[PDB]
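J.: Next up is a structure, given as structure tokens.
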Amino acid sequence: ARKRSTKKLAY
Amino acid sequence: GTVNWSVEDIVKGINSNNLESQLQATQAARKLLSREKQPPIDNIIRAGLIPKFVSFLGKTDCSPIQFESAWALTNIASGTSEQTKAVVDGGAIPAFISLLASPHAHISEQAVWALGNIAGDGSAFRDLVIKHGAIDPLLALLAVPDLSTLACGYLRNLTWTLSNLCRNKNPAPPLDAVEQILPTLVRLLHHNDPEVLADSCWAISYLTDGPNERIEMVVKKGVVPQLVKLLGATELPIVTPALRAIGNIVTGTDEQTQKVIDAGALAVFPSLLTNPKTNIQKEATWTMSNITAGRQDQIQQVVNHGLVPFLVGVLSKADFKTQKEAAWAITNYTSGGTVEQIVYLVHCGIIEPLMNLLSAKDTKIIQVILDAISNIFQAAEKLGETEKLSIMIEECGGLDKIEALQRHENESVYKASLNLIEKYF
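From first to last, the protein sequence lines stand for chains E and L. Numbering-wise (this note's numbering), the first sequence opens with residue 1 and increments by one. Numbering-wise (this note's numbering), the second sequence opens with residue 1 and increments by one.
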């Protein structure tokens, strides 16, 4: 019972 | 005019001491770098043009060359980490920050875009953009009474750049920067544009991906109800980040999970746990597994919303990763649940799919299933109904799987199967 845990080009 | 230039001609134009020739050559470079098929970024860098573009960023009396150079540098910074680094090494960060306050909206938007790329490279350049003082001018651009007055593309770009400022870990963004950004992020989370909403949810999901103190920073702003509302949206690009943020939040303390529950989140999970997009099902089942690891009253709220049958369904048929998340959810349920809750789980038909999953090759899911079965057997022991549970497991064909796992390579599976067979079979 334990909890478990970009870029852009301008065209 | 400025279409299909060679880097040689661009260099000759930029090297001339004629500002108009420089402007035309910079526009030609922008057009080269804005082409969809392999833009020649490395050639432009090797030509030594980044310092010239950075210098042009400061030509206040020639706004067109400011815009063209900002566009070219944006597209250079959109590439690999080495190319973004080449942009940063030219001194572009302070120049773009100075352009944020330009009276020309398209130049300011281009600077926002470029800073977004630079910060999106990673935590180092993110924190460096923050250190140069970008947050204040960025947020000042959104200091309007009604966001609807702003241009749609401008607002979307600002939101995306802020999301990149909230992005990445090891280290996470500075606490003071997060506190400075959060109010504008809440305001944007209440905006009506789908892309702005999606990027705001992504920012929130970044900010909630960390220790409970970061999650607490987020939840004290009162965003959980809006996140639940967006969780029930029709646009998948909105539901995905909203669901990620809700899952991150429920990875925290029991009180934060309870804030998620009180906002009505569970009512959405009948659809999420049956969503046709496998990613949504996986994320929702992981979120459920983290909710079932909470208090017994929270498990009871899961029961009251009729979600146990949906977990049985996901366990019976789904992508294997989703089925493994469901196995984890069942094991947490059985670990923290009351005897009544566990017998209810059994009455919903969990044993047969839980046993059919023992045929998998993954060892971790097998161990999780064996732990869940051990917990169920413990509840039955407290009820004196272990023989009925054993008969049920035998009719499903699970005893065969367990006695076969007695010959498993892993030590934990070996020992758990042997313990089960020695104590109940």
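Using N, Cα and C, we set each Cβ at its ideal position, and we do this for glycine too.
By the 7 Å beta-carbon criterion, what residues does the region 318 to 345 of chain L contribute toward chain E?
T.: Per Cβ criterion, the list reads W328, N332, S335 and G336.
J.: Helix or strand or just coil, what does DSSP make of L/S123?
T.: Numbered from its first residue, the second sequence carries residue 123 of chain L at position 123. Of the three classes helix, strand and coil, the one that applies to L/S123 here is helix, per DSSP.
J.: Taking Cβ positions, are L/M355 and L/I393 nearer each other than 8 Å?
T.: By one-based count along the second sequence, residue 355 of chain L stands at place 355. By one-based count along the second sequence, residue 393 of chain L stands at place 393. The answer is yes: Cβ separation under 8 Å.
J.: Quick check on the DSSP output: the alpha helix (DSSP H) that includes L/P174 runs from which residue to which?
T.: As a working mapping, residue 174 of chain L is identified with position 174 in the second sequence. That residue, L/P174, is in no alpha helix (DSSP H); it is neither H nor E in DSSP.
J.: May I have the straight-line CA-CA distance separating L/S200 from L/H408, to the nearest angstrom?
T.: On the second sequence, residue 200 of chain L is found 200 positions in, with the first residue counted as 1. On the second sequence, residue 408 of chain L is found 408 positions in, with the first residue counted as 1. Straight-line Cα distance between these residues: approximately 47 Å.
J.: Using a beta-carbon distance below 8 Å, is L/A28 in contact with chain E?
T.: Taking the second sequence and counting its residues from 1, the one referred to as residue 28 of chain L is at position 28. Not closer than 8 Å to any Cβ of chain E, the Cβ of L/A28 fails to qualify, so no.
J.: Taking the alpha-carbon positions, what's the L/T253 to L/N212 distance?
T.: As a working mapping, residue 253 of chain L is identified with position 253 in the second sequence. As a working mapping, residue 212 of chain L is identified with position 212 in the second sequence. Each residue's Cα considered, the two are about 7 Å apart.
J.: Determine whether the beta carbon atoms of L/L165 and L/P173 lie at a separation below 8 Å.
T.: For this step, residue 165 of chain L is matched to residue 165 along the second sequence. For this step, residue 173 of chain L is matched to residue 173 along the second sequence. Yes; because the gap between Cβ atoms is below 8 Å, this pair is in contact.
J.: Under DSSP, the alpha helix (DSSP H) around L/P64 begins and ends at which residues?
T.: Numbered from its first residue, the second sequence carries residue 64 of chain L at position 64. Here the alpha helix (DSSP H) through L/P64 covers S63 to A77.
J.: Would you mind telling me which residues of chain E sit closer than 7 Å to residue 426 of chain L, beta carbon to beta carbon, in chain order?
T.: Nothing about residue 426 of chain L can be read from this structure; chain L reaches only from 1 to 425.
J.: Measuring only between beta-carbons, confirm whether L/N43 sits less than 8 Å from chain E.
T.: Taking the second sequence and counting its residues from 1, the one referred to as residue 43 of chain L is at position 43. For L/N43, the answer is no, since every Cβ of chain E falls outside 8 Å of its Cβ.
J.: Determine the direct distance from the alpha carbon of L/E179 to that of L/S335, and round the result to whole angstroms.
T.: For the purposes of this step, residue 335 of chain L is taken as the residue at position 335 of the second sequence. For the purposes of this step, residue 179 of chain L is taken as the residue at position 179 of the second sequence. Straight-line Cα distance between these residues: approximately 37 Å.
J.: Going along the chain, which residues of its own chain have a beta-carbon closer than 6 Å to the beta-carbon of L/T208, five neighbours each way excluded?
T.: Taking the first residue of the second sequence as 1, we reach residue 208 of chain L at position 208. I215, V218, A245, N248 and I249, listed in sequence order.
J.: Ignore the nearest five residues each way along the sequence and tell me which others in L/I45's own chain have a CB closer than 6 Å to its CB.
T.: If you number the second sequence from 1, residue 45 of chain L lands on position 45. These residues qualify, in order along the chain: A86.
J.: Answer with buried or exposed for L/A25, where buried requires no fewer than 16 other C-beta atoms within 10 angstroms of its C-beta.
T.: As a first step, residue 25 of chain L must be located in the second sequence, where it is residue number 25. Burial call: buried.
J.: Whole angstroms is fine: what's the gap from L/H132's alpha carbon to L/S81's?
T.: Stepping through the second sequence from its first residue, residue 132 of chain L is reached at position 132. Stepping through the second sequence from its first residue, residue 81 of chain L is reached at position 81. The straight-line gap from Cα to Cα measures roughly 19 Å.
J.: Look at the Cβ atom of L/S359, then the Cβ atom of L/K401, and state whether they are nearer than 8 Å.
T.: Reading the second sequence from its first residue, position 359 is the one you call residue 359 of chain L. Reading the second sequence from its first residue, position 401 is the one you call residue 401 of chain L. Yes. Within cutoff.
J.: Exposed or buried, what is L/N18 when buried is set at 16 or more other beta-carbons lying within 10 Å of its beta-carbon?
T.: Counting from one through the second sequence, the residue named residue 18 of chain L turns up at place 18. Under this definition L/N18 is an exposed residue.
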